[PDB]
């Protein structure tokens, strides 16, 4: 039924997939969240909606966000009233920005990780590009290859319209890319701009208004590879286990539609409830596969900060000491919800703070840890990591 077998024609690697470098970047315009409602209702000329604006200040005050970064600014928004309206034909100007600027922002981040990695660009064999902001053909992955000058033969994978969970998904993809091909070095970039989703306020769509309070811009990048060249490359985290789950009872919890008015956002279920109701069995299964088992308080946490209530209730139902979501709360506070890019921001922050504080490992002195993606589906991606030992 088969021809005589032959040796693996493309040699695989032997160790686990490993993060060799992380780099991040953000657009230049900073918005303090405490005065965001004044700004938002000005630039959308909706100051007549007094009660709604009061509702919005509530949402921002409780978002857990201190500031956000945006490609958009007051100059750009006044030039584009159709994006300042709530529901106006827009999609073309929105595309015209993001198809250019998300690979640009991904380039900044990619270049920092490449600098930290320190090997020549030519040793990059795969590119994985992930975004929720706009689509084009050829894709941002191709544009990133052009902007960087990688080999024309890099193997590319373009991930469009993914949602907040794909920070976890890119780990699972790069895991197989790096481990099945010997010598592979995977450049992974998540780049997100809210220009597809900024819109004016509407008194009958408060869920859209939550989005306006939570979403910010940012790009994150990592270099993943197996069998790191000792004394030349530097490991920071190891990918050991990956899993994906559509949580029970979550049909229709979050939807997003790309329409003539841009990307629209729709909440219809208790997202933090469903996540914290089901996270225990998700992580129990994972820990059984991986170990046979350490506590939840004795691993490092990298969790996507969908909103504060997600981290709050996961912290509550799993009885985590408040220090566990710290690195995750810290990123949400400095940047808001950057969709897929958040977890690589948390991962970078976690390792840097581990070094500065001279802890035993790169995961706050713990050996094992979790990366968690949350989004539409409701979809949960689970990534069990190992850190590296540190001085």
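Residue numbers count along the first chain shown, from 1.
Legend entry - Between neighbours residue 121 and residue 120, residues that the deposited sequence lists but the model omits: Per the record, no deposited residues are absent between residue 120 and residue 121.
Inset, instruction - For the higher mean C-alpha B factor in the entry, choose 1-9 or 380-388. - result: Comparing 1-9 with 380-388, the higher average CA B-factor belongs to 1-9.
Inset, instruction - Read off the CA B-factors in the entry, average them over 235-243 and over 75-83, and name the higher stretch. - result: In the deposited entry, the stretch with the higher C-alpha B-factor mean is 75-83.
Legend entry - Highest recorded Cα temperature factor - choice among 177, 320, 93, 253: Going by the entry's C-alpha B-factors, 320 comes out highest.
Inset, instruction - Go through 98, 143, 274, 130 one by one and give the residue whose Cα B-factor in the PDB entry is largest. - result: Among 98, 143, 274, 130, the highest C-alpha B-factor in the entry belongs to 130.
Inset, instruction - Using the B-factor values recorded in the entry, state whether the Cα atom of residue 305 falls in the lowest, middle or highest third among the modelled residues of its chain. - result: Within its chain, residue 305 is a lowest-third residue by C-alpha B-factor, going by the deposited values.
Inset, instruction - Sorting the chain's modelled residues by C-alpha B-factor, tell me whether residue 248 ends up in the lowest, middle or highest third. - result: Highest third - that is where residue 248 ends up once the chain's C-alpha B-factors are sorted.
Inset, instruction - Tell me, lowest, middle or highest third: where does the Cα B factor of residue 225 rank within its chain? - result: Lowest third.
Legend entry - Assigned third (lowest, middle, highest) for the C-alpha B factor of residue 136: Middle third of the chain for residue 136's C-alpha B-factor.
Legend entry - Chain-wide C-alpha B factor ranking for residue 22, given as lowest, middle or highest third: For residue 22, the deposited C-alpha B-factor lands in the middle third.
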